[PDB]
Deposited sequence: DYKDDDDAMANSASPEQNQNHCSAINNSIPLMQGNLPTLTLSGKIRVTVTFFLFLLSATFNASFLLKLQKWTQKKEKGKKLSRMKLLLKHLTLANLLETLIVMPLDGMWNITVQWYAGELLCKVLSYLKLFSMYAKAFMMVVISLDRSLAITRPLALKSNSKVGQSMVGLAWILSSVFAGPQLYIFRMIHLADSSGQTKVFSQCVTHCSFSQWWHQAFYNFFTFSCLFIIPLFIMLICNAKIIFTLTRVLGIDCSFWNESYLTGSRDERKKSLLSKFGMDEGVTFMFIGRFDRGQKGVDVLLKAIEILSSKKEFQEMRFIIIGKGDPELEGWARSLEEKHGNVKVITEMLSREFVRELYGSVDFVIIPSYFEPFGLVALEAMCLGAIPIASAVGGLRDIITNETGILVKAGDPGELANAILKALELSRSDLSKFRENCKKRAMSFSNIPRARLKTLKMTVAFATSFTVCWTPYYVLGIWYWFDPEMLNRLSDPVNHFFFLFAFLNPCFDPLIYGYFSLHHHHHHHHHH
């Protein structure tokens, strides 16, 4: 009853505009074929690494899915009758699923290898072998379950092949998951990690944010700055952010300061808080600026050159944020030698280790107060190895080899192309599965369009490599 026309078209006859549309499909077939062909040749002529090893097998599955499904579904078997024989109906139904299982499992193997590469052997080729293995084993049943029926005219269908209704439901469910949904799952997850890396890497201009441009010794830099402002020398914490309520944490710091205000070791501490935003939060800071001469507040925005000034002079960066999935202030800061004190709320949770700063629970004014107190209790011993750890840790987060970087940006493009182009094709597939009478509500122009939109992905893959090839 509720099956899927995987090898059967839905046009009683061929309209003139149908013959126009098949010619237009022939175009996209030709763009795809000659391009993945000319990209395959580029690869062997460039063989006379592993990221090349995987692009060959992806492009090989691209060519294979283009040569099999574009003529089958787009040019030939588009009417409701099967014009070949029973043998070519079981072989072609096999090759159709085989070439699509293979294209997906290649995007899975690349998304998996590159997600690992952000942390030259045999494992490289055992992945793509498994990909061709699974995709050939998963398409096996299509040889037995498809048959040519002539009850009139002939068609290549699964009718009267499964017994119970559950035998067929689980088969088509298995086809959908292992064709699109499960790969999309594995892909989106692996490419989510690569997105975090790229954001950090392409987000720190290390050619600017580095300590080679500073002048002289670090404590000279601090004396000179602390009297530039107009306070005397002491342990220095700094905050630079938008004055926000429930967002960046300036209220937490301010209340933490007022806890630390009438205290025992408050006299040794300097605080430079910087930022503009809501107005009631500035009057709080600026009132602590008149009650205490070791609290400077700067709401005028500064120069790019003067932020690097401070990161490599202050003793600590207080980063009391509520939500910070990337953490670039902490990486600029650490790149210049400053020690971070931040709330474990995202990238700060991942960026600050045990020997690279002090993490605290977010949103608590106290506890931050005790962190600021722990930080000063460990300043009596001169922290030089402590600052080199942040310099090197933040260095790695912000820096990536050029070569491994283009393949990183490449993989994210491959995935987005697959996610974008194949999602409309396959949801109408699952939509049809739940309600077959949905087909009676869709154009021939839009059925044709979402067919072409899907095969934009495999013929633009070669374009994605070439683009990120400088």
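J.: Missing C-alpha coordinates: which residue stretches of the deposited sequence does that apply to?
T.: Counting from residue 1, the stretches without coordinates are 1 to 25, 74 to 81, 153 to 159, 192 to 199, 519 to 528.
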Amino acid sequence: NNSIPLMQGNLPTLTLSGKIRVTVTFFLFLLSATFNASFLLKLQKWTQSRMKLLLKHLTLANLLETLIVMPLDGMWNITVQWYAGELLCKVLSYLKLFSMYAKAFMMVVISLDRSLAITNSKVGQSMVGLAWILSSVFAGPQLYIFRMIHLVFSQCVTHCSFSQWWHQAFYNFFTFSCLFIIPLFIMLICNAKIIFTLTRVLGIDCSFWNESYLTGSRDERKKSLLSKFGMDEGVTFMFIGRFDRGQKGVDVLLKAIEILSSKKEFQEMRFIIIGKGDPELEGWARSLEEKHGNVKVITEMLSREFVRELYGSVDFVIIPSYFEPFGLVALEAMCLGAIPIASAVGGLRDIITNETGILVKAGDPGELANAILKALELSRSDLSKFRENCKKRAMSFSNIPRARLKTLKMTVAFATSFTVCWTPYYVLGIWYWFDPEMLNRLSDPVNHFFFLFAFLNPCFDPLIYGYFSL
From here on, numbers count along this sequence of modelled residues.
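J.: Report the stretch with the higher mean CA temperature factor, choosing between 382 to 390 and 173 to 181 on the basis of the entry.
T.: It is 382 to 390.
J.: Would you tell me which stretch averages the higher CA B-factor in the PDB entry, 433 to 441 or 58 to 66?
T.: The stretch with the larger mean CA B-factor is 433 to 441.
J.: Go through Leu88, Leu95, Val108, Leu302 one by one and give the residue whose Cα B-factor in the PDB entry is largest.
T.: Max CA B-factor in the entry, restricted to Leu88, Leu95, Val108, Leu302: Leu302.
J.: From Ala371, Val80, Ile186, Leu130, which pick has the Cα B-factor that tops the rest in the entry?
T.: The listed residue with the largest C-alpha B-factor is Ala371.
J.: Place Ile257 in the lowest, middle or highest third of its chain's C-alpha B-factors, as listed in the PDB entry.
T.: CA B-factor rank for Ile257: highest third.
J.: Among all modelled residues of this chain, ranked by Cα B factor, put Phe196 in the bottom, middle or top third, i.e. lowest, middle or highest.
T.: Middle third - that is where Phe196 ends up once the chain's C-alpha B-factors are sorted.
J.: Among the chain's modelled residues, which third holds the C-alpha B-factor of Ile273?
T.: Answer is highest: the recorded C-alpha B-factor places it there.
J.: Comparing against every modelled residue in the chain, figure out the third that the C-alpha B-factor of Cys160 lands in (lowest, middle or highest).
T.: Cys160: CA B-factor falls in the highest third of its chain.
J.: Comparing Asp73 with the other modelled residues of its chain, is its CA B-factor in the lowest, middle or highest third?
T.: Its C-alpha B-factor, which the entry lists for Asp73, ranks in the lowest third among residues of this chain.
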